[PDB]
Amino acid sequence: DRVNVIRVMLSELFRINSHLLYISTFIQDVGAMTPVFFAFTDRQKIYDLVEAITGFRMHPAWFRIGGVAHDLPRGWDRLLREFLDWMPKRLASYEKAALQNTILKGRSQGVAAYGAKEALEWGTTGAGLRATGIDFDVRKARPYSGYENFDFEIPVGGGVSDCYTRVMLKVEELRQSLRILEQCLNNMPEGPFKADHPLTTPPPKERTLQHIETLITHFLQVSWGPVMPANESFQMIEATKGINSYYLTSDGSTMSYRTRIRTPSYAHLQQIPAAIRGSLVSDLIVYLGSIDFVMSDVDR
Amino acid sequence: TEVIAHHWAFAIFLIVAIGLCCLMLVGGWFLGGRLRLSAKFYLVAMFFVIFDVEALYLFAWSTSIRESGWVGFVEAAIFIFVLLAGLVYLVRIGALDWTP
Amino acid sequence: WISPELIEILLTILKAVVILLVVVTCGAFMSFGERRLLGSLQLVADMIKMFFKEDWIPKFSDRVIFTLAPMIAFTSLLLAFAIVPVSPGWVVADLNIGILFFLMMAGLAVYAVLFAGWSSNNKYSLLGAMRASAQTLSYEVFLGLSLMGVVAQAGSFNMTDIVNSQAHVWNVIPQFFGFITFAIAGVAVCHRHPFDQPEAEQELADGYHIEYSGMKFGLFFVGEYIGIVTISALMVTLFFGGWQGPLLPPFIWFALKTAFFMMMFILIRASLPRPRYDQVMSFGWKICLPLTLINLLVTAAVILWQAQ
Amino acid sequence: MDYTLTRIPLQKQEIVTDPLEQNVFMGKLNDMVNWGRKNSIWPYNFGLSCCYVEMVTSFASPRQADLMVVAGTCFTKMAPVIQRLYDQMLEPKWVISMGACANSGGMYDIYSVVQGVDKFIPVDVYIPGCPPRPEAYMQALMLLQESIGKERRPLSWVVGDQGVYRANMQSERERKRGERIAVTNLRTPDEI
Ligand code: SF4
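Conventions and cut-offs
Residue labels reflect position in each chain's written sequence, counted from 1, rather than necessarily the entry's numbering. Residues lacking coordinates are not shown. For naming, the first written chain is A and the first written ligand is 1, with later ones following in the order written. Consider the displayed chains a part of a larger assembly; each reported value belongs to this part rather than to the entire assembly. In computing side-chain properties, one takes all heavy atoms of the structure into account and sets aside hydrogens as well as water. Only DSSP runs of H or I with at least four residues qualify as helices, and only runs of E with at least two residues qualify as strands; both kinds are numbered from the N terminus onward. Categorising residues by exposure relies on relative accessible area from a 1.4 Å probe, with only protein chains included: less than 20% of the type maximum marks a residue as buried, more than 50% marks it as exposed, and the intermediate range marks it as partly exposed. To measure how exposed things are, a 1.4 Å probe is used in the Shrake-Rupley method; for residues, cover is taken only from the protein chains shown. In this tally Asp and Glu are treated as negative and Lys and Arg as positive; neither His nor the chain ends contributes. Think of each charge as sitting on NZ of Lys, CZ of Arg, CG of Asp or CD of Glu. Contacts are residue-level and defined by heavy atoms, with any inter-residue pair within 4.5 Å sufficient. The term buried area refers to how much accessible surface (probe radius 1.4 Å) is lost by two components on association, counted for both of them together. Should a side-chain nitrogen of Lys or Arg be within 4 Å of a carboxyl oxygen of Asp or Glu, the pair is scored as a salt bridge. A 3.5 Å cut-off defines polar contacts: any pair of N or O atoms within that distance qualifies, except that in protein one atom must be a possible hydrogen donor and the other a possible acceptor, and neighbouring residues in sequence count only when both atoms are side-chain atoms. Two strands pair if DSSP finds at least two bridges between them. Joining through side-chain atoms within 4.5 Å is the link that ties buried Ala, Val, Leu, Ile, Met, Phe, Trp, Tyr and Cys residues into a set, and such a set is a nonpolar core. Think of each axis as a best-fit line through the C-alpha atoms, taken over the contacting stretch in the case of a helix, with angles from 0 to 180 degrees between the N-to-C directions. Each cavity reported here is a set of points on a 1 Å grid over the protein atoms alone in which a 1.4 Å probe fits but cannot get out, each pocket an open set with protein on both sides within 12 Å along at least five of seven lines, and each lining residue one with an atom within 4 Å of a point. Grid points are joined across faces, edges and corners, and a volume is the space filled by probe spheres set on the points. All residues other than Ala, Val, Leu, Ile, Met, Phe, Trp, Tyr, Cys, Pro, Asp, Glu, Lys and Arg, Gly among them, are scored as polar; the first ten of these are nonpolar and the last four charged. Should the near helix be turned counterclockwise from the far one by less than a right angle, the crossing is left-handed, whereas a clockwise turn marks it as right-handed.

- Regarding how it was determined, this PDB entry cites cryo-EM in its header, along with a resolution of 3.6 Å.

Here you go:
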């Protein structure tokens, strides 16, 4: 349970990071009074929290097989509590700033609003799918990493997938992620941070340093690789900008015979000729800004 | 014996300003080692030209404001009324809004 | 050949050159002043770096108007400063047309933007130059009327007569509409921040500062700032009290008021956001021009009413 | 110290001595030129994959910037864009390679990744590691500032040697060797 709760905590932290970046880059182009300084403190403090939990800030490399690389320190409670009692007024300010600029609300609400059919045949797994009214989230339909134990109400849009409905849904998703983090901080399990399976790579470090068998397992799983049975697996999760999925085929060897990475930004970018069909260049740039695609995520 | 000095000062000011810019440019140089834009831009340039030439009559009115009595004020008032009638005609037809 | 007339003439020449160097170094120094407000030897280092860099003439362009556009952008609104009197005995130009000359210089200011837009062999730069030129025409149309309010109050075009008519009351308080229209027009013509970079509504438009490298870009970089300081000097000598003060020397008062108005321009840099292009043109055509025409009519009725 | 020169990746560079070891007016003028190039540096942060947010959160038209930050991964389809943007810039020009992706292949030894920026254009300053902190970038700005402060470049294309002189600076790992080896204890990773 503790591994699942830690995974949920770190995933919602990085989802908060991505949602904050998307909302900051969507609100900068109109108001531009304090759009980046107001967002800089939150991203920097969650980067310091990730730096405390894991190694460096952007890429943790902290999810291991059967658990996590290290245990949480004796100061993560203070950092998380100082984070969680300081964000609600930020969310109120963000809602106020997303409601103040009515010029953008009257401008971006009209052009290129697909609904309920173009978001279901072109992919569109992100906030567009829930903005069209299709209540489909992986965390509620096919739960993973113990997301059934967290009570959070998935927010959905109505009708079309507007450029404003997506950012409203991402603000409400920020609120849901904050509630998930609050529930994680409320009752935390005190179990192990790694499973007791022999295929957990790597094994726990203390037993590696002072038990021969754990040294055997660490020696062979680190060097040659964990020998894995010949099967096929598929994990599909709700990513920070859509639905990500890893489909892995193992041939029985220590490497992967096939890795397939289905990324949401590929399907999000594939549908842009279907909505800029008779639009303007500035409309195309606005639509590109309003879409949460990432080009390195497109090209893997 | 003062306006000649002022004209000389104007002359050296202009000459040394262009000379400073020339020496600055050549010191930067020496060291180191079928389409069409629109028609509304032409329309707004033409608005500028016509209203600038009417502003010319206002320019010449502004210097002799006191030496011409109330009759000159009445004539400039009906001139400005014609100018503002043209401007409000331009406003109301829709040829002055941009809408990009 | 030692004669006192030659000494007085050479002293006037010295006055002209010191006022030129002081306005050039004023613009250059408070360029860094604005960059700090957003180390005075950093501009000297920048000038050394810009001098020791090769000017690039594009191979698709011509070597005349590509270099003559920064020439206009620097020198036109540089010699616009020759009009401004800083003292009764420290003036370089006492000619009769003390307002029309600034109108000449502001009219010729659009040539730099247009010539740069053609000189950059780039369609997007040409469209951006069209947008900027349309904006500065749309505000320099009523720049003249904003000046004619004070001209009609003071009678003649001569700035000496202006600052002598400012003896009993400065022109800022009877004509605040003329003051705000002239401030708006000077912001737009000199390309100050709210009426700046009109490429923000189209990605088929680019700036005219692109493909300018080294000295040809530094000419614009110092020309806009010499332009804003001479616009501030025009503003104080017209609407505020030119060289007028109780105790401190008149040139100290002029420098203090000029510094006050470009810290106000720094406040403009800080406070207001950039309006949309259609809103900018609609404002400058529908609100400013009838308001300054009504201001001219009102000050005409006022100056003809109490004429005894 | 010794100096390398390039005169007119396949170019030739050999070891010489600076011409200031021999006109005291030229020595002060070259020092002032190097100082002016030092304290006034305009970067060109190249848009690439994922060192952007490290150059976004650290604090820009091309052809006026004398410094180019190649940050992201150099791919086979993006390398001609890098070369074209490098030849668009005017000399003097300096290159800072951010991250491992620009120093080397950078965790990608695969068919579609060019193994570093050094394969097509020279790089003056390297920053190692997946995403470097902006303080590492600012320290690299110090490093390239002092490197620019010690060069010998021609003042004009009329009189003088027509070859820029790079300085064979002492490496930072040998200079910091005492401070890095003389580290006795560190904070244990079980706390914050
Ligand atoms: S060094 Fe790391 S963060 Fe930077 S571009 Fe490469 S993978 Fe991205």
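1. So, the overall build of chain D
Part 1 of the argument: Tallying secondary structure elements over chain D gives seven helices and seven strands in all.
Part 2 of the argument: Helices and strands appear in chain D in the N-to-C order β-β-α-β-α-β-α-β-α-β-α-β-α-α.
Part 3 of the argument: When its C-alpha atoms are laid out on the principal axes, chain D stretches across 60 × 45 × 30 Å.
Part 4 of the argument: Per-residue burial for chain D yields a buried fraction of 42% across its 192 residues.
Part 5 of the argument: Accessible area for chain D stands at about 11200 Å²; split by element, carbon and sulfur atoms hold 58% of it.
Part 6 of the argument: Looking at charge distribution, chain D has the averaged site of its 21 positive side-chain charges lying 4 Å from that of its 21 negative ones.

2. Details of the interface of chain C and chain B
Part 1 of the argument: On the chain B side, the residues contacting the 64 residues of chain C number 55 residues.
Part 2 of the argument: Summing the contributions of chain C and of chain B, the shared interface buries around 5600 Å²; its carbon and sulfur component is 83%.
Part 3 of the argument: One can count zero salt bridges joining chain C with chain B.
Part 4 of the argument: At the junction of chain C and chain B, the tally comes to three residue pairs in polar contact.

3. Digging into the pairing of strand β3 (residues 232–238) of chain A
Every regular strand shows the same layout, with side chains that alternate between the two sheet faces.
Residue and element names in this part refer to chain A.
Part 1 of the argument: Note: β3 against strand β4 (residues 243–249), seven bridges, orientation antiparallel. For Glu-232, the partnering residue across the bridge sits in β4 and is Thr-249.
Part 2 of the argument: Turn length for the β3-β4 hairpin, with the two strands adjacent in sequence and antiparallel, is four residues, and the turn residue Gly-242 shows positive phi of about 155 degrees.

4. Here we look at the nonpolar core
Part 1 of the argument: With 125 residues, the main nonpolar core has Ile99(C), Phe102(C) and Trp285(C) as its most contacted residues.
Part 2 of the argument: No other element matches helix α6 (residues 123–154) of chain C, which puts 16 residues into this core.
Part 3 of the argument: In this structure, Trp285(C) is in contact with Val44(B), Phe47(B), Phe48(B), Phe51(B), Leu87(B), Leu96(B), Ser138(C), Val141(C) and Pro290(C), ignoring residues within four places of it in sequence.

5. Points about the sheet that holds β4(A)
Residues and elements named next belong to chain A.
Part 1 of the argument: If you trace the three strands from one edge of the open sheet to the other, you get β3-β4-β5, paired in antiparallel fashion. Edge strands, defined here as strands with exactly one partner in the open sheet, are β3 and β5 (258–262). Between one strand and the next, the sheet's axes are offset by a mean angle of 10 degrees, whatever the strand orientation.
Part 2 of the argument: Alignment of β4 against β5, held across five bridges, turns out to be antiparallel. Looking at the pairing, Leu-248 lines up with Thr-259 of β5.

6. Observations regarding empty space enclosed by the protein
Part 1 of the argument: For the largest cavity, the calculated volume is near 180 Å³.
Part 2 of the argument: Contributing to the lining of the largest cavity are 16 residues, with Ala73(C), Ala109(C), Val189(C), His191(C) and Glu224(C) lying nearest its centre.
Part 3 of the argument: Listing elements by their share of the lining of the largest cavity, those giving two or more residues are α3 (65–79), α5 (110–119) and α9 (215–238) of chain C.
Part 4 of the argument: Here the lining of the largest cavity takes four residues from α3(C), the largest share from any one element.
Part 5 of the argument: A class-by-class count of the residues in the lining of the largest cavity yields 11 nonpolar, four polar and one charged.
Part 6 of the argument: Within this model, the second largest cavity holds a volume of roughly 60 Å³.
Part 7 of the argument: Of all the secondary structure elements, the ones that give two or more residues to the lining of the second largest cavity are α1 (2–27), α5 (102–107) and α9 (163–186) of chain A.

7. Overview of the packing of helix α2 (residues 41–51) of chain C against α9(C)
Residue and element names in this part refer to chain C.
Part 1 of the argument: Packing of α2 against α9 brings their axes to within 9 Å, and their N-to-C directions diverge by 145 degrees. As α2 packs across α9, the resulting crossing turns out to be left-handed. Across the interface between the two elements, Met-47, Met-50 and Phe-51 from α2 touch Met-215, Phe-217, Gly-218 and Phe-221 from α9.
Part 2 of the argument: Residues that form the contact of α2 with α9 fall into these classes: six nonpolar, one polar and no charged.

8. Observations concerning the sheet that holds strand β6 (residues 125–126) of chain D
All names here are of chain D.
Part 1 of the argument: Across the sheet, which stays open at both edges, the four strands sit in the order β3-β4-β5-β6 with parallel pairing between neighbours. Of all strands in the sheet, those bounded by a partner on one side alone are β3 (43–45) and β6.
Part 2 of the argument: Taken together, the four bridges between strand β4 (residues 67–70) and strand β5 (residues 94–97) define a ladder with parallel strand orientation. Bridged to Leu-67 within β5 is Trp-94.
Part 3 of the argument: Helix α5 (residues 134–149) contacts β3, β4, β5 and β6 of the sheet and is inclined by roughly 155 degrees relative to β5.

9. Remarks on the interface of chain A and chain C
Part 1 of the argument: Contacts between chain A and chain C engage seven residues on the former and seven residues on the latter.
Part 2 of the argument: For the pairing of chain A and chain C, the buried interface totals around 470 Å² over both sides, and the portion due to carbon and sulfur atoms is 63%.
Part 3 of the argument: Linking chain A with chain C are zero salt bridges, by the criterion used here.
Part 4 of the argument: Here chain A is connected to chain C by zero residue pairs in polar contact.
Part 5 of the argument: Element by element, the count of residues in the side of chain A that touches chain C is highest for helix α13 (residues 281–290) of chain A, at three residues.
Part 6 of the argument: Among the residues forming the side of chain A that touches chain C, the class breakdown is four nonpolar, two polar and one charged.

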